[PDB]
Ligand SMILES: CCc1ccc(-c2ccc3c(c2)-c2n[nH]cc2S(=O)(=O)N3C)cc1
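The chain below stands alone and is given as structure tokens, in the form deposited without this ligand.
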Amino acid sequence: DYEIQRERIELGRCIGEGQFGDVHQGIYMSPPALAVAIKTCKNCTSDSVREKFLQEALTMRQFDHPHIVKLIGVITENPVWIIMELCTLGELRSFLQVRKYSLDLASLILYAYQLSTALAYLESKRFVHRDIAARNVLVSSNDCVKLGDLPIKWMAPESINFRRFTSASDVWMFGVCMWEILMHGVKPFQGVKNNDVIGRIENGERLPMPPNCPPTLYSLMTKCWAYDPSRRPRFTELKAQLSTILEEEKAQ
């Protein structure tokens, strides 16, 4: 039973925004004082919105991975809330930007490694994500990131051209996500028009090597960006390669 008694929740300060409403941090008193994230729903007094909001919680129930945010429970009567595991440090993009000059390379590589483990897990569950980007990643601690919950600049050419979405197109998007982390949260193709992104990629052009990114890690990003989806590594191969790049970086 995922239904939580409202009196067990102390609503704290607003910490961010979601599609349905504000996200707040708070406290969950269970049989004691667990820090939680509380997702609110502005229009949940309407059942069409309520069903869509609560469907997200039902989706979360299916996953059990250390690098995917966990659902704690729901409050189905107005105001409708979803109680999630709190990732205290917030959104990854903002975290990377604020810590641009204070996060070492080993930490950046660790975040890419952890995200590849969560994605190889979702691949093993036969779940295609379709929206892999640094914006949907949350920070639990300085050493732990988690997956939370058209973007032409992040999309595989087959997804843009023919709406083909597979684990291989998720790999392309993850290559862009790895570039974003190594770029300290800078978005890809800044100042480039969406309709001119496909052309540049068709021309063989790719996102450049981020400053201070190891060549072995940049090489792994470019394999994610092979035009042919069958030539892209699988998430399991990404995981094994990122583990070796992480160890090499941890050794100096």
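Counting begins at 1, following the sequence as shown. Under this definition, the rigid core comprises the largest set of C-alpha atoms superposing within 1.5 Å between the forms.
Although it is not shown, the form solved in complex with this ligand is what the next lines describe.
Overlaying this ligand from its position in the deposited bound form puts 3 or more ligand atoms within 2.4 angstroms of backbone or C-beta atoms here, which marks the pocket as blocked. Mapping the unseen interface onto this chain, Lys153 falls outside it, with no heavy atom inside 4.5 Å of this ligand in the deposited bound form. The shortest heavy atom separation between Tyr113 and this ligand in the deposited bound form exceeds 4.5 Å. Using a 4.5 angstroms limit between non-hydrogen atoms, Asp149 touches this ligand in the deposited bound form.
In the deposited bound form, at least one heavy atom of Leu122 sits within 4.5 Å of this ligand. Contact with this ligand in the deposited bound form, defined as a heavy atom within 4.5 Å, holds for exactly one of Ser107, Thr76, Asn136, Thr117, namely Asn136. Proximity to this ligand in the deposited bound form, defined as a heavy atom within 4.5 Å, singles out one entry of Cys41, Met60, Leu217, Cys224, which is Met60. In the deposited bound form, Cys177 is the single residue of 176 to 203 with at least one heavy atom within 4.5 Å of this ligand. Of the residues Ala118, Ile132, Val74, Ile181, just one CA atom moves 2 angstroms or more between the shown form and the other one under rigid-core superposition; it belongs to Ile132. A shift of at least 3 angstroms pushes the Cα atoms of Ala106 and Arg130 further from each other in the deposited bound form than in the displayed structure. Relative to this form, the distance between the C-alpha atoms of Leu58 and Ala134 is reduced by at least 3 angstroms in the deposited bound form.
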